[PDB]
Amino acid sequence: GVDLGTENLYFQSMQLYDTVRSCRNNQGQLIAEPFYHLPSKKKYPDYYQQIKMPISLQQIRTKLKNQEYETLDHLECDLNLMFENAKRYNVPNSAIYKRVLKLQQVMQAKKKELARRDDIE
Ligand SMILES: [Cl-]
Ligand SMILES: [Cl-]
């Protein structure tokens, strides 16, 4: 009525991304750092034989800038893809797997809030 829904969605998107990227633990360290960039090519070619659709916060960031995310669900799709790769490639007891579960939970809780409100916090 006083906004275009199309525009608010990019604001919601940028908030969801920021919440992941800047997520901190109890100490105050940044849980998402290992997801800032894809693993080296070619120092872990193992990873690329195994992970068919690699994605990290680098590529997500660029997609967001270029308004590729038409809905919050698309962004959540790519963030989930990133978490599920790390969960496929690492074992349940690794620290990084456990950091993914928390991140993913924080991510999904944030997306659910944003969609409930249909507005940024
Ligand atoms: Cl509208
Ligand atoms: Cl790290």
Side-chain angles (χ1 to χ4, degrees), residues 1 5 7-8 10-25 27-28 30 32-39 44-51 53-87 89-101 103-111 113-115 118-119 121:
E7 230 51 53
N8 200 267
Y10 308 137
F11 297 106
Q12 289 178 48
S13 289
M14 199 64 214
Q15 250 191 16
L16 182 56
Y17 167 89
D18 278 326
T19 300
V20 173
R21 173 154 203 115
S22 78
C23 193
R24 288 174 147 85
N25 65 19
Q27 286 170 288
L30 287 153
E33 253 179 54
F35 309 108
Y36 288 177
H37 301 281
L38 289 173
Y44 299 97
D46 170 73
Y47 180 90
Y48 294 89
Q49 285 179 103
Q50 197 188 124
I51 296 307
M53 274 139 54
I55 193 168
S56 72
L57 288 179
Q58 189 189 322
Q59 292 73 27
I60 287 165
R61 177 180 134 286
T62 301
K63 289 230 223 156
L64 199 61
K65 279 158 62 187
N66 304 322
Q67 292 136 266
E68 298 192 52
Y69 296 120
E70 63 302 343
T71 63
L72 206 53
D73 301 29
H74 186 185
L75 178 52
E76 200 203 8
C77 288
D78 279 3
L79 289 164
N80 282 328
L81 180 60
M82 183 185 77
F83 300 139
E84 298 288 328
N85 295 337
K87 282 153 74 190
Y89 184 82
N90 298 278
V91 302
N93 53 293
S94 64
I96 187 168
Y97 194 105
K98 296 176 190 279
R99 251 169 176 176
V100 173
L101 297 170
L103 274 174
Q104 186 163 41
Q105 155 257 323
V106 165
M107 196 276 287
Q108 299 184 3
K110 186 62 183 150
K111 186 262 172 180
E113 189 179 32
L114 291 165
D118 175 43
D119 205 309
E121 203 69 22

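Nothing fancy with the numbering, it's 1 onward along the sequence. All values below were derived from every heavy atom in this structure, side-chain atoms included, with hydrogens, water molecules and symmetry-related copies excluded.
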Q) Who pairs with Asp18 by side-chain contact (heavy atoms from CB on, under 4.5 Å), at least two apart in sequence or on another chain? A) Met14
Q) Taking C-beta and beyond as the side chain, do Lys111 and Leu75 meet within less than 4.5 Å on heavy atoms? A) no
**Q.** Side-chain H-bond candidate by donor/acceptor type, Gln108 with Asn80, under 3.5 Å
**A.** yes
Q.
Just verifying a value: how many Å separate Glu84 CD and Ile51 CD1, rounded to the nearest 0.5 Å?
A. 10.0 Å
Q. What's the shortest heavy-atom distance between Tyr48 and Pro39, and which atoms?
A. OH-O, 2.9 Å
**Q.** Closest non-hydrogen atom pair between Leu72 and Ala115, with its separation
**A.** CD2-N, 4.4 Å
Q: Search all heavy atoms of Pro92 against all heavy atoms of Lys98 and return the closest pair with its distance.
A: O-CG, 3.9 Å
Q) What pair of heavy atoms forms the shortest contact from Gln15 to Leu114, and how long is it? A) OE1-CD2, 3.6 Å
**Q.** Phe11 side, atom CZ; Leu16 side, atom CG - distance, nearest 0.5 Å
**A.** 15.5 Å
(Q) So, taking the atom named OH in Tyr17 and the one named CE in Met107, what distance separates them when rounded to the nearest 0.5 Å? (A) 14.0 Å
Q: With rounding to the nearest 0.5 Å, note down the distance linking CG in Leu79 to CZ in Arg21.
A: 11.5 Å
Q) Is there a side-chain contact between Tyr47 and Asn85, using heavy atoms and a 4.5 Å cut-off? A) yes
(Q) Counting C-beta onward and ignoring hydrogens, is there a side-chain heavy-atom pair between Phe35 and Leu103 closer than 4.5 Å? (A) yes
Q: To the nearest 0.5 angstrom, please state how far the CG atom of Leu81 sits from the CD1 atom of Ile55.
A: 5.5 Å
Q | Close side-chain approach of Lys87 to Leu101, heavy-atom, < 4.5 Å | A | yes
Q. Can you name the closest pair of heavy atoms from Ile96 and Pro34 and give their distance?
A. CD1-CB, 4.3 Å
**Q.** Polar contact flag, side-chain donor to acceptor under 3.5 angstrom, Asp46-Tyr89
**A.** yes
**Q.** Any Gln59 side-chain heavy atom under 4.5 Å of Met82 side chain
**A.** no
Q | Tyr44 OH to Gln50 CD distance, which is reported to the nearest 0.5 Å | A | 14.0 Å
Q: Please confirm whether the backbone N or O of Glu76 pairs with a side-chain atom of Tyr69, one donor and one acceptor, at under 3.5 Å?
A: no
Contacts under 3.5 angstrom, residues 60-67 side chains, donor-acceptor by atom type, not counting sequence neighbours:
| residue | atom | partner | partner atom | Å |
| --- | --- | --- | --- | --- |
| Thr62 | OG1 | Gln58 | O | 3.4 |
| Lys63 | NZ | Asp78 | OD2 | 2.8 |
| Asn66 | ND2 | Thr62 | O | 2.9 |

